[PDB]
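Taking it in order: structure first as C-alpha cells, then the write-up.
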There are 2 protein chains.
Amino acid sequence: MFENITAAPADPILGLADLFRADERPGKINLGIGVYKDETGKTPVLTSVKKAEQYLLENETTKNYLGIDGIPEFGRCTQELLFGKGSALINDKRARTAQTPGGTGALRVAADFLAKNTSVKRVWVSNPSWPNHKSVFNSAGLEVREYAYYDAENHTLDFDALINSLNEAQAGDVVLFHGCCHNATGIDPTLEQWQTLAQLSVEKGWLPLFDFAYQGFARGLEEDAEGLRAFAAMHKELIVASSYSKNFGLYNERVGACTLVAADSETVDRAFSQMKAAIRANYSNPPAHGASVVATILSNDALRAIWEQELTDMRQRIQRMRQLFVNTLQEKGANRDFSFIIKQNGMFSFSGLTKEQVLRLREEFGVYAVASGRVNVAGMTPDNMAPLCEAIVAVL
Amino acid sequence: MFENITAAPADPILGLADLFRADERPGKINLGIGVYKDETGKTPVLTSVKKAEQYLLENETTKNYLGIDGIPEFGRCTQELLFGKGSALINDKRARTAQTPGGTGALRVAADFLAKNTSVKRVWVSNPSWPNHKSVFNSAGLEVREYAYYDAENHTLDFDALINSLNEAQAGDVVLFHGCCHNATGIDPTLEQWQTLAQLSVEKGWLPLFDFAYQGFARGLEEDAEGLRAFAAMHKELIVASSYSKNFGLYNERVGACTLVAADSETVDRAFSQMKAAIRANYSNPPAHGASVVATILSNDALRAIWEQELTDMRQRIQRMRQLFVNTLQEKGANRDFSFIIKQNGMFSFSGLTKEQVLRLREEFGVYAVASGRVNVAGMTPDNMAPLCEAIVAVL
C-alpha cells in the first residue's frame, strides 16, 4: 500500500538547520532560525514561566481531560488581550474562544470549521506570506489566492496594489491578515490603513481571518492590537487565530487560541458548537500544560508584571539589533541603504540580498540565511555584528 | 456567514455529566465517566509522573520547537513497548513513530495521511465501536463500515459473524482493531483468534490499523500486546495509534503516538515523510510536557518500576471491582447471571440493562449510566457497591 508513495518535498528551514549543524567552521552564524534568541544565542525559558510551572507542580491534583474548548480562564484572558477589557464584544458575549495546539492548530481548526459549515471556498493571503498558510488551508480543501502587499523595490507596503488586488475577491471569501509583525516582511499597515481596510472589508462582504502570532513584538500589547480592534469595531463576524509561542517563549508546548466572533450570543454559541465538533474530530481536546502556564501568569498581578517586562526586553532586544545592524552596515562601507530595516517590525525582514549572494555568504563566510534573503534579526548579537556585516559587505 | 449554521448534536457523555452535576441527590453514582478513578473517587496524578515533572522543572533549559515527529527517545521507547525489545521490526528499522496529541490525534493523522497518499477509501470498524472513530475518519473524507463483533445475546465475541462480515471487505481497505480492552465491550480475541485474523488479513489484502489505548489494563504490558505482535510478525505494512492518556493518567496533556510500519527502511522513510507533511498542515509539531514525562519515566529504571506498580494497582482495582460487582449482585438477589462481567477486560462493559432501565436508575435512584447500558467499573467502589446493586436489582 506504501510502495508508490513519493517523498514529500524538503523544507528549506529544517534543511538549512541540518546544513548549519554539519558545518565545521567557527564563525558560523545562523540567521535562518524561526525563534527568538537572546544576547547569548539561546532560547531560554522565561522566568515567569518557570515560576508558573512550579506553582502547577505543587497545586495540580489531576490530569483529567479539559473541555473541548480548554481552560475557561485561558479563554477570557485571551479575549481581553485581543479586544481589551471593557470591549463590547466581550460584554455582549459575541465571542467564543477555543484553546488550540499552537497558532497553527488554531488556523487548521478554523479551516476545517469553515470548510464544513460555510460556503467559503477561497482564502486570500498576502504575497508573500508565511508558507504554511497554503498547506493548512489546502489541507481543508480550501482554495488559496494571493493579494499584493509587499513592494520589493521600495521595501514597503504598496497599499494601492493591495487594495487593487483585493478587488478581485468576492463576497463570502475570506481574507487573511497578520495582526502585526508581518511574516516575513516586518511591514504592517498604519492605523489609518487598517481603518481603511476595515471599511472596505465590510463593504465587500469579506470574512476577515486574523493570524496574530506576535502580539507585543511590534510596539506593545495594546498597540499591536489596534488593527484587529479596528476590524472588530466594524464587523459582525470575525475569526482570530492567536499564538503564545513567541511572546511567552512556549514554542513546544503548543499554546494558541481560535476566537470566533458573531453578531450575537445565540449565533456565536450555535456556530461555536460546530467548531467544537471540528476539534473533537481532530485531537479531541487541548494540551493543558502550556495553556495552564499562560492562564496562571495572566491572572496573577505579580507574575504578569514580570512577564510583561520579559516581553519588553525581547522587543527591545530586536529593536536594538535592527538599529545596530543598519549602523554597522553603513560603517563597514555598505553600498546600499538599509534604513528600511529600522521601519520593519518583529524578528523578520527581507535583506534584499540575492539568491546568489545568499549562497555565497554561506559557502564563503559561514553566514546562514534563507534563499529568499530572509533574515532573523534575533540571530544577531553585539558580538557577531561586525563579522556578519563585513561578510555581507563583501558580497554586495 | 454564520447565520444559518445549525447547532451540532449534543453528545450524551458530556450531557450526562452536566445532568449528574445538577443533581441535588446525595447517594448519586456516576458510571458514565470515561476515565479511571480510584477508591476515593478521584483521578490523581501518578507519583511517577509528579517525580518526572519535578525533574523537568529543574532540568529544562528551553521550550524550543520539537521536531515534527517529536522527542526521539519517546519514539524508541514507544516502539519497544509495542513490539517488545529485540523485535525484528525495530532492528530492521521498518517502523517510524510520530509523537501526537493523544491517541485521537494519532488516529486523525493516520486518516489524513491515508486519505492523501493512498487509495484507501474505506475503513472497517467493529459494531459497536468507540463512537469517535466515525467522526475522525469521516472528517478525513473516508468511508466507514461496520463489522460484526459483539454478541448482545451471549455477551461474547461472535467470531463467526465477525469473519463473515469482514469477507465483504476488499483488498486495500483498512480494518481497525482495538489492541486490547475493546471499547466498550471489554471483549478481546484470544491469542489463537488474533493469529487467525492475522492470517486472514494477509490473505485478503487488508491494511490493519490498531487503536491501542489501554496497554497494561487487560493482563499486562507485554500480554496486552500479543495481538498486535501477532499481526506485526505477518504483515509488511501496519499502522498503530497508541495513547498514554490512561496508562500514565496523562489524559489532558495529550500524549500519544502514530506508528507506521513498512516492508523496509527506505519505504517507511519515504512514507513517513508524507505523514510529517500531514502533521505540519495540522498542528505543526507536538506538545512536549506530556511526552517528556513519558520518555523520562520509561527510560529511568527507578521511575519505570514505580510506574509499572502504579499501573498494576489500576488494573487490579478494576479486576477487583468487576468481581465484587458480580458477587454483590448475586447476594442482593439478582435475577440474571452477570458472570460475563468477570470475563471482560478494562474499564468498560455493557451491563445488559435496557434503555428504560437506565432511565429509571437515574430518575429513581440517582445512578448514572449511558443509555446503551454501558458502565465504567472504575466508577464503582467498595463503599458504593451495595447501594448500586440494590438499585439495579430494583429495576430488573
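Convention: chains lettered A, B, ... in C-alpha cells order; per-chain residue numbering from 1; ligands numbered from 1 as shown.
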Contacts of residue 111 (chain B) at 12 Å or less, counting only C-alpha atoms, minus same-chain residues fewer than 4 places along, as an NGL selection string?
(:A and (281-282)) or (:B and (104-107 or 115-123 or 133-144 or 174 or 176 or 209 or 239-241 or 258 or 275 or 278-279))
Set the distance at 9 Å and use only C-alpha atoms: which residues neighbour residue 365 (chain B) once local chain neighbours fewer than 5 positions away are removed? I'd like the list as a ChimeraX atom specification.
/B:25,27-29,360,388,391-392
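Going from CA of residue 170 (chain A) to CA of residue 228 (chain A) covers 21.3 Å.
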Applying 12 Å and only C-alpha atoms, which residues near residue 1 (chain B) remain after dropping the ones on its own chain fewer than 6 positions away? List them as a ChimeraX atom specification.
/A:114,117-120,171-174,205-208,235-239,260-263,267-268,271
Would you put the residues from that selection into a file with N, CA and C atoms, as a tab-separated table (two decimals), in the first residue's frame?
```tsv
chain	number	residue	atom	x	y	z
A	114	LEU	N	-14.69	26.24	8.68
A	114	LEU	CA	-15.20	26.99	7.55
A	114	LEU	C	-15.58	26.07	6.39
A	117	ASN	N	-18.93	24.03	7.49
A	117	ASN	CA	-20.10	24.73	7.98
A	117	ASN	C	-20.48	25.99	7.24
A	118	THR	N	-19.69	26.36	6.24
A	118	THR	CA	-19.97	27.55	5.47
A	118	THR	C	-19.76	27.34	4.00
A	119	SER	N	-20.03	28.38	3.24
A	119	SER	CA	-19.88	28.32	1.80
A	119	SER	C	-18.53	28.86	1.35
A	120	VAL	N	-17.63	29.09	2.29
A	120	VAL	CA	-16.31	29.58	1.94
A	120	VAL	C	-15.59	28.59	1.05
A	171	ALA	N	-17.61	38.48	-2.31
A	171	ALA	CA	-18.23	38.44	-1.02
A	171	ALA	C	-18.28	36.98	-0.61
A	172	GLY	N	-18.07	36.71	0.67
A	172	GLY	CA	-18.09	35.34	1.16
A	172	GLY	C	-16.71	34.69	1.14
A	173	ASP	N	-15.73	35.41	0.59
A	173	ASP	CA	-14.34	34.94	0.53
A	173	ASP	C	-13.67	35.37	1.83
A	174	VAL	N	-12.70	34.61	2.29
A	174	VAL	CA	-12.02	35.02	3.49
A	174	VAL	C	-10.72	35.69	3.16
A	205	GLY	N	-18.08	42.41	1.77
A	205	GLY	CA	-18.59	41.14	2.26
A	205	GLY	C	-17.50	40.08	2.44
A	206	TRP	N	-16.36	40.50	2.96
A	206	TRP	CA	-15.27	39.59	3.21
A	206	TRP	C	-15.36	39.06	4.63
A	207	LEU	N	-14.79	37.90	4.86
A	207	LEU	CA	-14.74	37.38	6.20
A	207	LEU	C	-13.27	37.49	6.61
A	208	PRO	N	-12.98	38.38	7.54
A	208	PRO	CA	-11.61	38.57	7.97
A	208	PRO	C	-11.13	37.48	8.92
A	235	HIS	N	-17.05	44.85	12.24
A	235	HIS	CA	-17.61	43.60	11.75
A	235	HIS	C	-18.54	42.90	12.69
A	236	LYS	N	-19.42	42.08	12.11
A	236	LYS	CA	-20.35	41.29	12.88
A	236	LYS	C	-19.68	39.95	13.14
A	237	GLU	N	-18.98	39.46	12.11
A	237	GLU	CA	-18.29	38.19	12.15
A	237	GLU	C	-16.80	38.33	11.93
A	238	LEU	N	-16.04	37.54	12.66
A	238	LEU	CA	-14.62	37.61	12.59
A	238	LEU	C	-13.98	36.34	13.16
A	239	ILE	N	-12.76	36.04	12.73
A	239	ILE	CA	-12.04	34.89	13.24
A	239	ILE	C	-10.60	35.28	13.57
A	260	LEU	N	-13.79	32.98	17.72
A	260	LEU	CA	-14.91	33.13	16.80
A	260	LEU	C	-15.74	34.32	17.23
A	261	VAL	N	-16.08	35.18	16.29
A	261	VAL	CA	-16.91	36.33	16.60
A	261	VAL	C	-18.13	36.36	15.70
A	262	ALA	N	-19.30	36.54	16.30
A	262	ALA	CA	-20.55	36.59	15.55
A	262	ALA	C	-21.33	37.83	15.92
A	263	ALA	N	-22.47	38.03	15.26
A	263	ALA	CA	-23.30	39.19	15.51
A	263	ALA	C	-23.89	39.19	16.89
A	267	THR	N	-26.02	33.30	18.01
A	267	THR	CA	-25.33	32.90	16.79
A	267	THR	C	-23.94	32.33	17.06
A	268	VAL	N	-23.15	33.03	17.86
A	268	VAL	CA	-21.80	32.56	18.16
A	268	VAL	C	-21.83	31.21	18.85
A	271	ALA	N	-22.67	28.60	16.38
A	271	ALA	CA	-21.53	28.42	15.48
A	271	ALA	C	-20.35	27.74	16.17
```
Which of region 47-250 of chain B end up as strand (DSSP E or B) when DSSP is run on this backbone - answer as a compact mmCIF listing (two decimals) with C-alpha atoms, in the first residue's frame?
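Writing the result to states04.txt gives the following:
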```txt
# COMPACT_ATOMS: atom_id res chain seq x y z
CA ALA B 95 8.94 1.43 11.81
CA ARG B 96 8.71 5.19 12.28
CA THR B 97 6.91 6.82 15.13
CA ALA B 98 5.42 10.24 15.43
CA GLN B 99 4.50 11.80 18.73
CA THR B 100 0.92 13.09 18.52
CA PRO B 101 -1.64 14.95 20.58
CA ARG B 122 -13.00 2.70 3.41
CA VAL B 123 -12.30 1.80 6.97
CA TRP B 124 -13.94 -1.03 8.82
CA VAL B 125 -14.80 -0.68 12.50
CA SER B 126 -16.46 -3.11 14.84
CA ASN B 127 -20.07 -2.93 15.90
CA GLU B 143 -15.95 5.90 4.36
CA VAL B 144 -16.65 3.94 7.49
CA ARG B 145 -18.22 0.48 7.52
CA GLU B 146 -19.09 -1.84 10.38
CA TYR B 147 -18.15 -5.42 11.02
CA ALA B 148 -19.89 -7.78 13.41
CA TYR B 150 -20.26 -8.36 19.79
CA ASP B 151 -22.98 -10.85 20.64
CA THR B 156 -19.41 -12.62 23.80
CA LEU B 157 -17.26 -12.44 20.70
CA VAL B 174 -8.35 -0.74 6.22
CA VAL B 175 -9.59 -2.74 9.13
CA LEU B 176 -9.42 -1.24 12.58
CA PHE B 177 -8.76 -3.35 15.66
CA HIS B 178 -8.70 -2.49 19.36
CA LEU B 207 -4.36 -2.76 5.91
CA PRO B 208 -4.58 -3.22 9.65
CA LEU B 209 -4.86 -0.16 11.83
CA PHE B 210 -4.56 -0.76 15.55
CA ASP B 211 -6.10 1.52 18.13
CA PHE B 212 -4.09 0.76 21.29
CA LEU B 238 0.77 -1.70 9.52
CA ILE B 239 -0.38 1.36 11.45
CA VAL B 240 -0.65 1.77 15.20
CA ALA B 241 -2.31 4.59 17.03
CA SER B 242 -1.37 4.39 20.70
CA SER B 243 -2.28 6.51 23.70
```
Mind listing the helix (DSSP H, G or I) residues of region 184-322 of chain B, per DSSP on the backbone, as a ChimeraX atom specification?
/B:191-204,223-232,251-253,265-280,288-299,301-322
Contacts of residue 357 (chain B) at 12 Å or less, counting only C-alpha atoms, minus same-chain residues fewer than 4 places along, as JSON, numbers by chain?
{"B": [351, 352, 353, 361, 362, 363, 364, 365, 367, 368, 369, 370, 371, 372, 373, 391, 392, 393, 394, 395, 396]}
File of the preceding selection, C-alpha atoms, as a compact mmCIF listing (two decimals), in the first residue's frame:
```txt
# COMPACT_ATOMS: atom_id res chain seq x y z
CA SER B 351 -24.45 -4.18 31.67
CA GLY B 352 -27.26 -5.57 29.55
CA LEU B 353 -29.66 -3.04 31.07
CA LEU B 361 -31.97 4.05 37.62
CA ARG B 362 -31.22 7.72 37.24
CA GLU B 363 -34.65 9.20 37.85
CA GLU B 364 -35.43 6.95 40.77
CA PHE B 365 -32.03 6.06 42.20
CA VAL B 367 -27.42 6.01 39.40
CA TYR B 368 -25.93 7.33 36.19
CA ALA B 369 -25.11 5.32 33.12
CA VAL B 370 -25.17 5.70 29.36
CA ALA B 371 -28.44 4.87 27.54
CA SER B 372 -26.64 1.97 25.89
CA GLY B 373 -26.30 0.35 29.32
CA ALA B 391 -30.84 -0.10 42.83
CA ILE B 392 -30.07 -2.33 39.86
CA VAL B 393 -31.94 -5.21 41.41
CA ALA B 394 -34.92 -2.92 41.90
CA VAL B 395 -35.17 -2.37 38.14
CA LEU B 396 -34.70 -5.89 36.85
```
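Proximity of A:73, A:308, A:269, A:222 to chain B, computed with only C-alpha atoms, is greatest for A:269.
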Shell around residue 49 (chain A) at 9 Å using only C-alpha atoms, local window under 6 positions removed, as a PDB file with N, CA, C and O atoms, in the first residue's frame:
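Dumped everything to part.pdb:
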```pdb
ATOM      1  N   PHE A 248       5.472  34.205  24.916  1.00  0.00           N
ATOM      2  CA  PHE A 248       5.614  33.529  26.208  1.00  0.00           C
ATOM      3  C   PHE A 248       6.783  32.535  26.115  1.00  0.00           C
ATOM      4  O   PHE A 248       7.121  31.849  27.081  1.00  0.00           O
ATOM      5  N   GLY A 249       7.390  32.467  24.921  1.00  0.00           N
ATOM      6  CA  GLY A 249       8.503  31.551  24.659  1.00  0.00           C
ATOM      7  C   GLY A 249       8.103  30.100  24.950  1.00  0.00           C
ATOM      8  O   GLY A 249       8.920  29.295  25.407  1.00  0.00           O
ATOM      9  N   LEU A 250       6.837  29.780  24.681  1.00  0.00           N
ATOM     10  CA  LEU A 250       6.298  28.439  24.935  1.00  0.00           C
ATOM     11  C   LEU A 250       6.174  27.592  23.662  1.00  0.00           C
ATOM     12  O   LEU A 250       5.328  26.700  23.561  1.00  0.00           O
ATOM     13  N   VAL A 293      -0.028  27.452  32.103  1.00  0.00           N
ATOM     14  CA  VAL A 293       1.028  28.398  32.402  1.00  0.00           C
ATOM     15  C   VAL A 293       0.613  29.817  32.013  1.00  0.00           C
ATOM     16  O   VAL A 293       0.784  30.757  32.786  1.00  0.00           O
ATOM     17  N   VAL A 294       0.051  29.962  30.811  1.00  0.00           N
ATOM     18  CA  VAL A 294      -0.390  31.270  30.328  1.00  0.00           C
ATOM     19  C   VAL A 294      -1.479  31.871  31.200  1.00  0.00           C
ATOM     20  O   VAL A 294      -1.437  33.058  31.530  1.00  0.00           O
ATOM     21  N   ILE A 297      -0.128  33.025  34.721  1.00  0.00           N
ATOM     22  CA  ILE A 297       0.601  34.259  34.602  1.00  0.00           C
ATOM     23  C   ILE A 297      -0.305  35.470  34.368  1.00  0.00           C
ATOM     24  O   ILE A 297      -0.214  36.466  35.079  1.00  0.00           O
ATOM     25  N   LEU A 303       3.063  37.876  38.678  1.00  0.00           N
ATOM     26  CA  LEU A 303       3.638  37.140  37.557  1.00  0.00           C
ATOM     27  C   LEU A 303       3.452  37.881  36.251  1.00  0.00           C
ATOM     28  O   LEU A 303       4.330  37.876  35.385  1.00  0.00           O
ATOM     29  N   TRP A 307       6.313  38.974  33.540  1.00  0.00           N
ATOM     30  CA  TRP A 307       6.236  38.549  32.149  1.00  0.00           C
ATOM     31  C   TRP A 307       6.244  39.744  31.162  1.00  0.00           C
ATOM     32  O   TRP A 307       6.954  39.732  30.139  1.00  0.00           O
TER      33      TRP A 307
END
```
Tell me which protein, DNA and RNA residues are within 9 Å of residue 186 (chain A), counting only C-alpha atoms, leaving out same-chain ones fewer than 5 positions away, and put them as JSON, numbers by chain.
{"A": [180, 181, 218, 341, 343, 344, 345, 346, 347, 348, 349, 350]}
